[PDB]
Amino acid sequence: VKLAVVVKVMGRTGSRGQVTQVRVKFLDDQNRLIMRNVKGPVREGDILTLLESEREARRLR
Amino acid sequence: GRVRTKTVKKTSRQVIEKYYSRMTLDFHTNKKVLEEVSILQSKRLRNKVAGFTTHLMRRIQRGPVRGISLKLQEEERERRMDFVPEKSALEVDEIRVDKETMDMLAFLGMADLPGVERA
Amino acid sequence: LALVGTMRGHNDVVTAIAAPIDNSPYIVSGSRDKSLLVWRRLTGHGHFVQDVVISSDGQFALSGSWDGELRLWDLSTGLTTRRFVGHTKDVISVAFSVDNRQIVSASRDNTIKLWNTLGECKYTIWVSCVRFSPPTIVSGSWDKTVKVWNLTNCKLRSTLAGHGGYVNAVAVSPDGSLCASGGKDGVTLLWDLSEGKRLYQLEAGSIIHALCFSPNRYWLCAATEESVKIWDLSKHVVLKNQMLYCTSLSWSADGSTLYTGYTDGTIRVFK
Amino acid sequence: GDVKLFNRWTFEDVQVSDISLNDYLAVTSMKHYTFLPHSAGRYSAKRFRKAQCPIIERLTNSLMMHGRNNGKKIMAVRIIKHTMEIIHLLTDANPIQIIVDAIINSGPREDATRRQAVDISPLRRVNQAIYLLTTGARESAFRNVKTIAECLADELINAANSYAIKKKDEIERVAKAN
RNA sequence: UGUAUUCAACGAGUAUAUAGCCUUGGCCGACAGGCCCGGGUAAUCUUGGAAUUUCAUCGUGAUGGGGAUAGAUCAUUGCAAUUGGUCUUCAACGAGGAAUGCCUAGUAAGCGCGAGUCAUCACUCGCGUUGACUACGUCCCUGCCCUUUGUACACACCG
RNA sequence: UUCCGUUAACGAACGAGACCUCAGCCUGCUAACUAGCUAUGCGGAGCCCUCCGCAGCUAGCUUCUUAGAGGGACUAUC
Ligand SMILES: [K+]
Ligand SMILES: [K+]
Ligand SMILES: [Mg+2]
Ligand SMILES: [Mg+2]
Ligand SMILES: [Mg+2]
Ligand SMILES: [Mg+2]
Ligand SMILES: [Mg+2]
Ligand SMILES: [Mg+2]
Ligand SMILES: [Mg+2]
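Residues numbered from 1 in each chain as written, not as in the entry; some residues may be left out. Chains lettered and ligands numbered in written order. Part of a larger assembly, values for the part shown. Heavy atoms only, no water. Residues with missing side-chain atoms left out of burial classes, pairs and counts.

- Judging from the entry metadata, cryo-EM is the method by which this structure was determined, and 2.88 Å is the reported resolution.

In structure tokens, the structure reads:
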């Protein structure tokens with residue numbers, strides 16, 4: 001339950017291109033920058049919730 | 001898409017090449033001049049040509065382009081002949097001679113040239 | 001010269017600002033917004049109106065649209081008092097007569113037309129903006145020349161060919177004794193109507209939309225693209241989207257104010 | 001204010017208890033709140049355009065199923081009015097609040113695709129919640145004494161123990177195992 | 001299912017023989033159908049042009065969903081029986097396995113109308129009505145195109 | 001294979017684009033008794049006002065329908 005704001009979008013990835021990989025920062029701690037993936041439609045400036053804040057990602061997944 | 005057919009590109013280039021004197025920046029003035037300075041059948045082709053000409057006037061008002069000619073700076077000649085200083089850029093004294101060139105001037109050349117230097 | 005205020009009630013270019021001779025606060029702005037305004041709105045045309053004027057009595061408004069026609073309007077009711085149709089090419093400018101009974105119009109058809117306000121007799125003789133002499137008529141041409149006509153028989157009086165660029169409009173003295181031009185050359189030519197010879201020049205720099213003569217100060221205000229320039233008749237300028245150009249200048253009857261027609265509707269008053 | 005839902009519901013009482021699903025729901029009482037969820041506006045033109053659409057419009061448009069029900073938005077908004085009256089009269093609160101609570105408690109957070117688990121878009125979250133609620137109401141309404149409004153009302157209050165919450169539970173269970 | 005509001009476009013329509021087409025209106029007939037007054041060789045006349053929407057009986061039951069199938073019966077079309085009216089009969093059918101097709105906006109989906117077919121009998125071509133979910137990405141599959149590369153293929157990998 | 005450019009290529013033919021039909025906007029124009037809008041007059045009901053129908057060989061108009069010439073958009077401005 002660590003709400004994160006989408007900071008940049010790294011293009012659609014995946015087999016069908018359904019998942020979209022983005023970089024986010026926490027609203028509780030702005031200075032921490034993580035990479036995650038999101039289904040559905042995502043634009044910059046949005047706020048996204050999660051459950052586990054420790055999972056990492058890769059560039060151009 | 002919005003890219004321009006070679007016909008409209010060409011005709012815009014020609015109308016600017018031969019009619020840069022009066023044609024202005026507004027699109028509607030460009031089209032009302034095009035309709036009588038040239039015969040274009042399709043009205044929307046004429047609109048495309050007028051808009052393209054306006055875009056190239058925006059391009060050219062900052063500097064010259066690679067497309068048009070005549071009055072070959074943009075509108076007036078005599079750009080570089082005026083770059084003639086009252087004294088030549090080439091000096092004649094203490095003119096850039098080194099050890100091996102000194103040995104050369106000891107060879108067939110004259111070692112007492114006016115521009116000889118000990119550098 | 002200082003700022004009075006700003007206007008933002010227009011969505012396109014206002015091309016002509018006309019004020020009644022009687023100095024009454026019923027000025028008419030004719031715009032290429034397909035709409036007019038009264039400081040009442042007019043929309044009877046279907047194209048972009050260019051030139052507007054106000055009758056001598058000050059209770060009517062004459063405006064011509066780029067569709068190629070002209071209309072004289074009942075200002076109070078906002079309805080056309082009369083139409084004027086027969087300019088196949090788009091009209092460019094309008095003006096009244098010395099008695100404000102005949103209407104002179106210049107269009108894109110390389111010709112000028114005189115119309116009766118009520119009569120059915122019409123006569124004809126790219127002609128730019130025209131302004132009748134308060135009785136010859138001056139006009140701009142398509143070859144950097146300014147023509148002066150004769151009202152006695154609709155004949156050409158003389159031609160003035162000293163302009164390096166095209167002539168976008170003409171200026172006449174309030175007493176009908178001067179002529180002035182301007183254009184892309186940036187040098188405004190001033191001549192005398194009587195002899196029709198070149199008097200002198202003033203330096204501005206670029207296109208001047210409207211050249212307005214001061215009725216009282218005997219001055220000349222020009223809407224140069226670089227900076228609006230005002231001369232006194234010492235020939236010396238004794239006025240300031242990435243593109244910024246005016247469209248018209250209008251001298252007030254009082255003489256202490258002036259009104260500008262701009263591009264994005266920012267009508268500005270100076271005093 | 002001067003704008004109320006069916007001249008009956010006041011929008012200036014409903015908030016969202018989250019800072020991640022605010023802009024996607026048109027519940028703010030400054031704009032985007034309408035008289036009824038029926039409007040002939042275009043929302044599929046550009047991306048993220050349906051976020052500006054009112055939430056009630058989304059709820060009433062997601063009920064025109066199955067193929068024997070589409071093109072009948074009139075029944076949809078009538079049924080939403082009936083279920084709205086049921087909810088307000090029972091719970092003694094603003095039915096907009098119950099709708100928002102049900103939507104905000106019926107959105108799944110994570111899925112698993114490609115099999116790796118990863119999060120869900122908030123617009124997809126609200127869309128999935130609305131689709132789940134409508135399908136659950138349809139399931140509870142088929143071959144039963146209940147009418148549409150009654151099952152819709154029950155699923156709306158139960159989601160503020162319910163079909164939609166159990167569907168989200170199993171989806172999240174499948175997600176969290178990978 | 002039964003009452004009661006009611007909003008479209010496209011097109012088509014005569015040989016006048018009493019009258020072959022569109023049919024208005026009046027009368028008769030439960031309905032199907034018949035007689036009379038007639039109009040339109042056409043923006044004139046047909047042309048005055050449904051789902052949906054208040055109200056109620058159902059009440060979760062293979063039930064008033066469904067009407068397959070049958071019998072009795074009347075009349076129209078046709079030279080000669082096709083269809084349409086009335087009642088009775090009331091089958092499978094309670095969202096459909098592997099597979100599988102169409103579609104991104106007034107679109108899909110739902111509901112009718114006209115024309116072609118025609119002595120009589122509606123699938124195809126258009127017309128309009130109600131009207132959304134998601135996506136706005138990709139080459140994962142199915143293909144298409146280009147560049148490099150390999151080839152013992154050239155009927156060209158079904159080689 | 002649309003263009004800009006690069007260029008042992010230069011200059012050209014098709015295809016694409018261009019073209020044509022229809023729809024989308026016009027209180028601008030053209031003009032409508034085989035199409036309409038409004039007022040009035042008459043008759044219908046509860047002077048006026050709500051109101052339905054009928055004329056006025058021009059009451060006026062084409063905003064509403066028809067069909068024509070035209071315009072509008074060209075990516076121009078940010
Ligand atoms: K049956
Ligand atoms: K009356
Ligand atoms: Mg019914
Ligand atoms: Mg209708
Ligand atoms: Mg049944
Ligand atoms: Mg049955
Ligand atoms: Mg067939
Ligand atoms: Mg009209
Ligand atoms: Mg156009």
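### Some thoughts on the interface of chain B and chain C
- Each partner contributes to the interface: chain B provides 11 residues, whereas chain C provides seven residues.
- With both sides pooled, the region where chain B packs onto chain C buries about 710 Å², and carbon together with sulfur makes up 54% of that total.
- Taken together, chain B and chain C are joined by one salt bridge.
- Across the contact surface, chain B and chain C share one residue pair in polar contact.
- The element best represented in the side of chain B that touches chain C is helix α2 (residues 27–37) of chain B, accounting for five residues. (Contact = heavy atoms within 4.5 Å. Buried area = accessible area lost by both parts, 1.4 Å probe. Salt bridge = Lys/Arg side-chain N within 4 Å of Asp/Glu carboxyl O. Polar contact = N/O pair within 3.5 Å; in protein donor to acceptor, adjacent residues only side chain to side chain. Helix = DSSP H or I, 4+ residues; strand = E, 2+ residues; numbered from the N terminus.)

### Let's talk about the protein's contact with RNA strand F
- Of all residues adjacent to RNA strand F, which total 31 residues, the nearest are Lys31, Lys43, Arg44 and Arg66 of chain B together with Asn241 of chain C.
- When atoms of RNA strand F within 4 Å of the protein are sorted by moiety, sugar and phosphate together comprise 92%.
- Take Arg2 of chain B: an N or O atom from its side chain is 3.0 Å from a base oxygen of RNA strand F.
- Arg58 of chain B is positioned such that a nitrogen or oxygen atom in its side chain is 3.5 Å from a phosphate oxygen of RNA strand F.
- At the level of secondary structure, the elements contributing two or more residues to the surface near RNA strand F comprise α1 (6–18), α2 and α3 (43–60) of chain B.
- Examining the composition of the surface near RNA strand F, we find that 10 residues originate from one element, α3 of chain B, more than from any other. (Near = heavy atom within 4 Å.)

### Quick notes on the pairing of strand β23 (residues 229–232) of chain C
Residue and element names in this part refer to chain C.
- Burial along β23 is two-sided: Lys229 and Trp231 facing one way and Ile230 and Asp232 facing the other are all buried.
- Looking at chain direction, strand β22 (residues 219–224) and β23 are connected through four bridges and run antiparallel. Residue pairing in the sheet places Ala222 in a bridge with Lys229 of β23.
- Remark: four residues form the turn of the hairpin made by β22 and β23, two consecutive strands paired antiparallel. (Buried < 20%, exposed > 50% of the residue type's maximum accessible area, 1.4 Å probe, protein only. Pairing = 2+ DSSP bridges.)

### With respect to the layout of surface pockets
Residue and element names in this part refer to chain D.
- Put simply, the second largest pocket is a space of about 550 Å³.
- Contributing to the lining of the second largest pocket are 20 residues, with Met65, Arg68, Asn69, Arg138 and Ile148 lying nearest its centre.
- Contributions of two or more residues to the lining of the second largest pocket are made by α2 (73–91) and α4 (122–141).
- If one sorts the elements of the lining of the second largest pocket by residue count, α4 sits on top with six residues.
- Its residues assigned to classes, the lining of the second largest pocket shows 10 nonpolar, four polar and six charged. (1 Å grid on protein atoms, 1.4 Å probe; cavity = no way out; pocket = protein on both sides within 12 Å on 5 of 7 lines; lining within 4 Å. Points joined across faces, edges and corners; volume = space filled by probe spheres on them. Nonpolar A, V, L, I, M, F, W, Y, C, P; charged D, E, K, R; others polar.)

### Quick word on a nonpolar patch on the surface
- Together, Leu25 of chain B together with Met243 and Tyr245 of chain C give the surface a local cluster of nonpolar side chains, amounting to about 230 Å² of exposed area.
- On the basis of relative accessible area, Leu25 of chain B is assigned to the partly exposed category, the value being 30%. (Patch = residues over 30% accessible without salt bridge, like charges linked within 9 Å, V, L, I, M, F, W, Y side chains within 5 Å. Areas by Shrake-Rupley, 256 points an atom, 1.4 Å probe, with all protein chains shown as cover.)

### What to know about empty space enclosed by the protein
All names here are of chain D.
- Of the volumes computed, that of the largest cavity is approximately 110 Å³.
- Forming the walls of the largest cavity are 13 residues, and the residues nearest its centre are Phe11, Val27, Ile55, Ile56 and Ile96.
- At the level of elements, α1 (55–61) and α3 (95–104) are the ones that each hand at least two residues to the lining of the largest cavity.
- For the lining of the largest cavity, the leading source of residues is α3, giving three residues.
- Split by residue class, the lining of the largest cavity holds 11 nonpolar, two polar and no charged.

### So, the interface of chain D and chain A
- Contacts between the two partners involve 24 residues from chain D, matched on the other side by 20 residues from chain A.
- Around 2,000 Å² of area is buried between chain D and chain A when both sides are counted, 53% of it from carbon and sulfur atoms.
- Linking chain D with chain A are three salt bridges, by the criterion used here.
- Notably, a salt bridge pairs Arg36 of chain A with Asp119 of chain D, separated by 2.8 Å at the nearest N-O pair.

### Regarding the protein's contact with RNA strand E
Residue and element names in this part refer to chain D.
- Near RNA strand E lie 28 residues; those nearest to it are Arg42, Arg47, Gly71, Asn127 and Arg143.
- The sugar-phosphate backbone supplies 63% of the atoms of RNA strand E found within 4 Å of the protein.
- A distance of 2.2 Å is found between a sugar or linking oxygen of RNA strand E and a backbone nitrogen or oxygen belonging to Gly71.
- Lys73 places a side-chain nitrogen or oxygen 2.9 Å from a phosphate oxygen of RNA strand E.
- Where the surface near RNA strand E is concerned, the elements lending two or more residues are α1 and α2.
- Looking at the surface near RNA strand E element by element, the count peaks at three residues for α2.
- Taken together, the residues of the surface near RNA strand E break down into eight nonpolar, 10 polar and 10 charged.

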